[PDB]
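Given next, in structure tokens, is a single chain: the form deposited in one PDB entry.
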């Protein structure tokens, strides 16, 4: 990589505090990024993903249109070792940011949500990742698509930063890491993808929000 600390202190912290959206290119390098790509493609090829989000439910069921496919990855599974390394590297970054990302104190994360857009013209509608205060404060996405050309293949992640009249368009480029605030500051969508598009997402939890979300959404026997 490039030292997690240099990346965090000189780019990720100031850019997150200023814009709420931060892009790091060439995060792990070609050899590691390619190993991750190999692992994700292996998962896909061996059937570990779901069939995909039901986008249009037709009268017939062979005609149904399915979109983003997913699998949850802990990073310790056999054949997911390098995914685990990515997750450790994301954690290292976040660790070096803590106390500096807004007023958040990050104390945990989800497992990795690995997504595959099959390349059938499906995307992902505009949404907010954490609209209801469930404790997720930062979304972290790693992209693995070598030689992606959005003009040909689509698949741009378009973010609609609150209060600004502008789009932030992020191509799902190989070895690119994206951070953005998970709440309503950053509604976003994925534009239709016409080639197979892979991404690995982790969400980091703010300790306080997560603690009260547990109060909100809920046990010991008497």
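We call the rigid core whatever largest set of C-alpha positions still superposes within 1.5 Å between the two forms. Residue numbers count along the first chain shown, from 1.
The form deposited in another entry exists for this protein as well; it is not shown, and the discussion that follows is about that form.
Only 64, out of 64, 169, 38, 26, shows a C-alpha shift of 2 Å or more between this form and the one not shown on alignment of the rigid core. In the core-superposed comparison between this form and the one not shown, residue 52 has its Cα shifted by at least 2 Å. Wider separation of the C-alpha atoms of residue 121 and residue 54, by 3 angstroms or more, is seen in the other form than in the present form. Cα of residue 196 to Cα of residue 57: at least 3 Å longer in the other form than in the shown structure.
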